[PDB]
Every structure is written in C-alpha cells, then in structure tokens.
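# For now just these chains, pulled out of the complex without moving them:
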Amino acid sequence: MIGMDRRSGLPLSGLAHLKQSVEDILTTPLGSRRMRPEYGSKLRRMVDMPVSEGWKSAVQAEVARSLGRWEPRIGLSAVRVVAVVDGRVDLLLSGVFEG
Amino acid sequence: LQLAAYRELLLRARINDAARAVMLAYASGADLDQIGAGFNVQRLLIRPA
Amino acid sequence: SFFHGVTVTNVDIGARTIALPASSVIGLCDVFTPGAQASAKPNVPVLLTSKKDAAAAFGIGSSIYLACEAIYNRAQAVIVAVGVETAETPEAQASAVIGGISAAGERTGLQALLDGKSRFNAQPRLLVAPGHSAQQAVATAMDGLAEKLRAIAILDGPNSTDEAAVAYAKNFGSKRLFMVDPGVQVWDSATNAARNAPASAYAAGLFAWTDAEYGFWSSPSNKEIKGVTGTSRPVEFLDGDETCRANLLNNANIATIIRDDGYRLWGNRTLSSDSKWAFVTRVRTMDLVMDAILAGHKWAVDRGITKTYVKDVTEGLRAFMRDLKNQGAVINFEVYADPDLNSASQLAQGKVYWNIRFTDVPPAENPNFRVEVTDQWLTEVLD
C-alpha cells in the first residue's frame, strides 16, 4: 500500500507509512477524528492512573486493541514496562516490519 | 476527506437552515421577525420587560 | 516535570540496506558532426539509453553513432556520450578527445565524463574512446580519468603488427586499463562493404551484456560479439598450444578476438604490473563494492558511536556481503569491527573502523586436466 508522508507530503509505502500510523495511534485520542469516534486510543486516558499490575493488563490490551482495530499490517510483539523513573513509565514497544 | 465531507455538510445545512428561515411553515426564532416586519406584524407583550 | 503527556519516540536502530550502482554505465567520447540532425552541443554530455536516442542526438553516420551501434547491437545499457567536433589535423583531434577545460569554466572532452554523476546520477564504469585510444596521448589521459571514476578504460591498440601492439602496451601498467588490440572488420550498411572498426566499443558491449546476464564478477573473456564479420590482422590460437600468436598477446596483458572473424573475445588480464590486480574480474568487483559502501553509508556520518551503532553497521554490512555470496560474486567474506584500530583515542576523534575481507571468484582462464591410465582396476575382471 502506497500512502503520503504526514510532514513534507512525500509518497512512502513501506517503512515510514507503517511508523506514521502506529506512532500516531498511541497519542491520538478517541473522538478527535470527525465522524469517527472509535478511532484513536485510550492511552491518553491512561495518564494519571495508578501503575499497578492490572494497569499493564489494560495498556497491553489497548495497544493490542487500538492497533488491532485500525492497523492490521503490524504484528505486535511485546509491550514490556521496563522502567519507572519519576512517575514516568517506560513501555518498550518493539514492532515487526511488513512489506 | 472527513473534513471535506463534514465541512461541506455544514455548508449544506446552512443552506437548508436559511431556506427554511424564509418560508412561513418552517421559520422560527428571529427569522419570523423578518417576515413579520415586512407585513407590519409584531409580537405581542403579555408581561412588560 | 520534564514532560506531562504521552511520548512516542522512534529509536531508529535498524540496519540499512546497500545497493550496487548498476555497474554498466559506459562513458563514450568520439567525433560527431554537429548540425541540424545532431541534437547535441559539441562538448556537453548526453545520456543515451537506446539506439534511436543515439541517432536522434548525434545523427546517423557520425563516428560516435557507429560506436553506439556497436554497443546496442550486443548489449542494452546506459551510455554517457560526450561527442566532440572534427578538427583539421588528426593531432588536433586528439587534443579534443582529451579536452581539458573551456574558457567558460566547463569541461570539454573526456573530462565531461566526470559530469556524468552530477547531471544524470550515473557514473560511467566503462571509459571508451574508440579509434583515438591508439594514440598514447588519449590513452594516458583516459588512464588518469579511469581512476577518478573507478572505471575500467577499454583501450584499443594500433592495427599494426604484434610487435607494435606489445610495444604499445608496455607504456601503461595501470590496473584500470583493458587493451583489445585486433581491429574488428564489420559490414557497413551504407557502402555495402566491410569497414574497419576500432574493436573498443564492441568490448564495451560485452562488459555491459555480461553484467546484465552473468554478473559483474563474470569476465567477458569468452563471450560472443554478434555484430562483427572480420578481424584485421587475424590472430592464431589453434587448439591448446601455449605458443600461439593470440596466446603471446594474452601473455602481454592484451585481449584478443581469437576465432574465425573473432566471434569470441579472448583475454581477462588487465594491463596491471601487480599480479594481484591482474584480472578484470577482481578490479571490477573491487570498484563496485568500494562504491556501494561509499554511497550507501552516508546515513552514518553523525550517528554517534553507541553499542547498537557499530553492531547495526556491521550487521548491515554482512547482509550486503551475504547477498553477494549466494549471488556468486564472492566465495566467502569476513566483516568485523577492527579490534586494534578502534582504540579509545581513535573513537574520541569520531573515527571508527570496519574491516571487510572477502575473496573474489577468479575466472577459470586455464582448466588443467591430468589424464592417466592405471592398472589398479585391471584386476577387476576376475569374478
């Protein structure tokens, strides 16, 4: 599939089109799109929730949900919480490459 | 394409709201004021202001 | 608070890919007559990709269209043709092929082939000046030009005897020169008779055909030249004699055309004094893997030496050499970060070293057979 780049308008198909779709999904909220209230992620609503073992069960679900809905060309490998520094939660998201 | 289908739909709704505002069977609010002022008809006063 | 929100970073630590620069761009420079039918100015380069484009740019009957005809009849490649105008003396014709620079600050003759990469994104790998390379002034200016482009300049010696062809090849000694001495006698469609061709553009039709059919690691030294129908001063190579007339020329680093009318190019020894760089296979694969790495690693010039930087350049470098190993270009390779040259003081200046050791696949220029009769299986007939 051939799409356009977000900045600079360039037609890129494989590498950055798969990256500009996933990295947008993690920070786009629900209801921000016009007439599409189910596109986006609950990750903007996961801010200031307490970091529990049931919270990681939700983020690994919402990564698998919001990318499983609207990005079928990405196979998710692992969403591991690797560091809690100063309230900042480091979640490693290693994704496979297709095409 | 979801702005060009939503912002166009807002312009399609402004034309439908303005076409109803010049018809007697559909105008309301301050739009029957302009039909009433042309035919020398004013809205009554039950209790004063 | 540093940042309050959701951060989505891109670490970007993938090993990139390395492509080869197509290995078959031919740099041509010969005489042409400018006019109404010639759509090219007499000193600028013109990119050519078809035989129709060569006649629409330089006109039929030019000396450079006859060189483009020799290439496109055998191969199908990209020609960076320059084209020069006809001078009065033949000495001044050699001054125009060499060229130099113009009063407007632009390159004129063979030097315009250095503009082949900045104008067409196609660096010429085969430097061919047919007919003029027999003069030592043009051939020694194409020799210094072949090192500026990492190209293999295909010379052609004079059509005199073999004593004058060996004595002509004793002047060069540089590993990027390939001399094809006996002149091709080709049939002319205009005069309906056989004319003599310099046999240098026909060799360029073999270096451009064998890279698109057999690879750049395969020498063109046994492949057919389809257009020819003769050879002036025909060479002798009968069956297997090491003392043939053609074999005394291949001994002196001169390529020949052996068979009846020369429908086989013969010779894979470039004009090199070092026996390491003797084969055209080893010179061509070296200049192709030294430009794929050079033009393919311009993404790693200020990346910062981290542990995932050196490992993802090396793993992106083994993957280039492993795509050459199963392709048949190399036998085996060894790509590693240098343990000695990556010192603490070299890395503090921004220098980081990688070693790419490989083995080119040599051309079988002499398959030797050792046949013998025995008596070991003479006792087999007993039961």
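Structure's in. What do you need? Numbering: from 1, shown residues only, chains lettered A, B, ... in the order given.

# Verify the contact between residue C:79 and residue C:26 for me.
Yes: at 4.8 Å, residue C:79 counts as touching residue C:26 under the criterion of C-beta atoms under 8 Å. Quick note: C-beta positions are derived from backbone N, CA and C, even for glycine.

# quick one: common contacting residues for these two?
residue C:71 (C-beta atoms under 8 Å, 6 or more residues apart in numbering or on different chains).

# Can you give me the buried ones in stretch C:330-347?
C:330, C:333, C:335 (16 or more other C-beta atoms under 10 Å in any protein chain shown).

# Take those residues and write them to CSV, including secondary structure.
What follows is the buried residues of stretch C:330-347, written out as CSV (DSSP: H, G, I helix; E, B strand; the rest coil):
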residue, secondary structure
C:330, strand
C:333, strand
C:335, strand
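
# Can you tell me the centre-most residue of chain B?
residue B:21 (3.2 Å; C-alpha atoms, centre = their mean).

# so who does it touch?
B:27, B:31 are the contacts of residue B:21 under C-beta under 8 Å, 6+ apart.

# Next: residue A:19.
residue C:10.

# One more: residue C:282?
C:276, C:360, C:362 are the contacts of residue C:282 under C-beta under 8 Å, 6+ apart.

# Can I get the buried part of the residues you listed as one PyMOL selection?
Applying 16+ other C-beta under 10 Å to those leaves a buried subset, and the PyMOL line that selects it is:
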select buried, chain C and resi 360
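
# Would you reformat the contacts of residue C:282 as CSV and include distance to residue C:37?
As requested, the contacts of residue C:282 are exported to CSV (distance: C-beta to C-beta, whole Å):
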residue, distance to residue C:37
C:276, 48
C:360, 45
C:362, 47
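
# Find the residue at the geometric middle of chain A.
Judging by C-alpha atoms, centre = their mean, chain A has its centre closest to residue A:26, at 3.1 Å.

# wait, that one sits on residue A:44?
No: taking contacts as C-beta under 8 Å, residue A:26 lies outside contact range of residue A:44: 9.0 Å.

# which neighbours do these two share?
Counting by C-beta under 8 Å, 6+ apart, the residues touching both residue A:26 and residue A:44 are residue C:6.

# So out of everything in chain A, what residue is nearest chain B?
residue A:34 (4.6 Å; C-beta to the nearest C-beta).

# Same check on the stretch 101-250 of chain C?
residue C:121 (35.9 Å).

# Same question for the stretch 251-383 of chain C.
Closest point on the stretch 251-383 of chain C to chain B, by C-beta to the nearest C-beta, is residue C:299, at 34.6 Å.

# Another chain to add, chain D:
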Amino acid sequence: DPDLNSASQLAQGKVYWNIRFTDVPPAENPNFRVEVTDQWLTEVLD
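Next up, chain D placed on what we already have:
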C-alpha cells in the same frame, strides 16, 4: 571521593563526589577497509 573527603573538609561542610563518564562521540569518519584476500580461495574444492 576518598581523598578530598577529609576530616577537615567534612568539618567545614565540604563533601565531594566524582562523576566520571564518557559521552557518545559522533561518528564523523566511518572508515571502511576493503581487502581482497585469497584465504577462502581454497574453499572451492568440492
């Protein structure tokens, strides 16, 4: 610092810490050394 943290330096309130590190230098010259070795030339035997 085991040296600069003396008994008299700590009696004035001075207490010293050493933070030694190495930065990441930008790879301003990635050198490649390509070599045609005949070491694996004996590998074509079978």
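
# With chain D now part of the structure, what is the answer for the contacts of residue C:282?
Contacts of residue C:282 (C-beta under 8 Å, 6+ apart): C:276, C:360, C:362, D:36.

# my guess is the second one contacts residue C:217, does it?
Read that as residue C:360. Yes: using C-beta under 8 Å, residue C:360 and residue C:217 qualify as a contacting pair, with a distance of 6.8 Å.

# got any residues that touch both of those two?
Joint contacts of residue C:360 and residue C:217 (C-beta under 8 Å, 6+ apart) are C:281, C:285, C:329, C:330.

# quick one, what contacts the first one?
If I follow you right, that is residue C:281. Taking C-beta under 8 Å, 6+ apart, one finds C:217, C:218, C:219, C:268, C:360, C:361, C:362, C:363 in contact with residue C:281.

# repeat that for 10 Å
C:215-221, C:268, C:270, C:329, C:360-363, C:365 (C-beta atoms under 10 Å, 6 or more residues apart in numbering or on different chains).

# tell me, which of those residues make contact with chain D?
C:360, C:361, C:362 (C-beta under 10 Å from any C-beta of the partner chain).

# need those residues in JSON lines with secondary structure and distance to residue B:16, can you?
Output for these, formatted as JSON lines (DSSP: H, G, I helix; E, B strand; the rest coil; distance: C-beta to C-beta, whole Å):
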{"residue": "C:360", "secondary structure": "strand", "distance to residue B:16": "77"}
{"residue": "C:361", "secondary structure": "coil", "distance to residue B:16": "77"}
{"residue": "C:362", "secondary structure": "coil", "distance to residue B:16": "82"}
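
# Alpha carbons only: can I get the biggest helix by length in chain B in PDB?
Secondary structure assigned by DSSP state H gives helix B:7-20 as the longest helix of chain B. Extracted C-alpha coordinates of helix B:7-20, given in PDB (Å, rounded to 0.1, in the frame of the first residue of the first chain):
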ATOM      1  CA  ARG B   7     -17.400  21.000   6.400                       C
ATOM      2  CA  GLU B   8     -19.300  20.600   3.200                       C
ATOM      3  CA  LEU B   9     -22.200  19.000   5.200                       C
ATOM      4  CA  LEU B  10     -22.100  22.100   7.400                       C
ATOM      5  CA  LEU B  11     -22.500  24.300   4.300                       C
ATOM      6  CA  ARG B  12     -25.300  22.100   3.100                       C
ATOM      7  CA  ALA B  13     -27.000  22.600   6.500                       C
ATOM      8  CA  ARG B  14     -26.600  26.400   6.400                       C
ATOM      9  CA  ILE B  15     -28.400  26.500   3.100                       C
ATOM     10  CA  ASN B  16     -31.200  24.300   4.400                       C
ATOM     11  CA  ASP B  17     -31.400  26.400   7.600                       C
ATOM     12  CA  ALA B  18     -31.500  29.600   5.500                       C
ATOM     13  CA  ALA B  19     -34.100  28.200   3.100                       C
ATOM     14  CA  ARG B  20     -36.400  27.300   6.000                       C
END
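
# Put this one in as chain E:
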Amino acid sequence: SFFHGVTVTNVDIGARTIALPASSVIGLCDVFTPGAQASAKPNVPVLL
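Okay, here's chain E dropped in alongside the others:
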C-alpha cells in the same frame, strides 16, 4: 576534523602470485638470402 565523511580504502596487503617465464623460446641465428620471398632484414630479430 581530519576528514568529515566516509572513507572506503583498499589496503592492498595480500600476497601475490608468481608465474614462470614459459621456458621454451628458442633463439636462432643462421644464414639466409634476403630477397623478394624473404620478408626479413639481415640483422633484425623475427618472431616465429
């Protein structure tokens, strides 16, 4: 900055190969009669 860019160098440190000078060239010198059928000159070498 000595050089800011990418260097690709050929180190050229391999061993070379040694070939024999063919061992079988026969130098000859004997008399003959120069004329029309003889295409040589009476003191120059001729490769045969």
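
# and the buried residues of stretch C:330-347, now that chain E is part of it?
Result for stretch C:330-347 [16+ other C-beta under 10 Å]: buried residues C:330, C:331, C:332, C:333, C:335, C:342, C:346, C:347.

# next one: stretch C:225-235
C:225, C:227, C:228, C:230, C:231, C:234, C:235.

# So which of these is the closest to chain E?
residue C:235 (13.2 Å).

# Alongside chain B, which residues does chain A contribute?
So far as C-beta under 10 Å from any C-beta goes, chain A lies against chain B at A:33, A:34, A:35, A:36, A:39.

# The last one: neighbour count?
Read that as residue A:39. 18 (other C-beta atoms under 10 Å in any protein chain shown).

# Nearest residue to it in space, please, no chain neighbours.
residue A:33 (4.7 Å; C-beta to C-beta, 6 or more residues apart in numbering or on different chains).

# Name the helix or strand for the one you found, please.
For residue A:33, there is no helix or strand it lies in under DSSP states H and E.

# So it sits against residue B:2, correct?
Yes: taking contacts as C-beta atoms under 10 Å, residue A:33 lies within contact range of residue B:2: 6.6 Å.

# anything in contact with each of those two?
residue A:39.

# if I look at residue C:182, how far off is chain E?
16 Å (C-beta to the nearest C-beta, to the nearest Å).

# mind listing what that residue touches?
Residue C:182 neighbours (C-beta under 10 Å, 6+ apart): C:156-157, C:159, C:162, C:165, C:199, C:231-235, C:246, C:249, C:254-258, C:262, C:266.

# Now list the buried members of those residues.
So, by 16+ other C-beta under 10 Å, the buried ones in these are C:156-157, C:159, C:162, C:165, C:199, C:231, C:234-235, C:246, C:249, C:254-258, C:262, C:266.

# Determine the number of other residues adjacent to the residue lying closest to residue C:48 once chain neighbours are set aside.
Using C-beta to C-beta, 6+ apart and skipping the chain neighbours, the partner closest in space to residue C:48 is residue C:79 (4.1 Å). The local packing of residue C:79 (other C-beta under 10 Å) involves 31 other residues.

# now for the lengthiest helix in chain A, which elements pack on it?
Taking DSSP H as the criterion, chain A has its longest helix at helix A:53-70. Secondary-structure packing of helix A:53-70 (3 or more C-beta pairs under 10 Å, 6 or more residues apart in numbering or on different chains; DSSP states H and E): helix A:15-25, strand A:76-84, strand A:89-95.

# how many other residues sit next to the residue nearest to residue A:39?
13.

# same thing with residue C:311?
13.

# thought it was touching residue C:14?
No: counting by C-beta under 10 Å, residue C:311 stays clear of residue C:14, with 11.4 Å between them.
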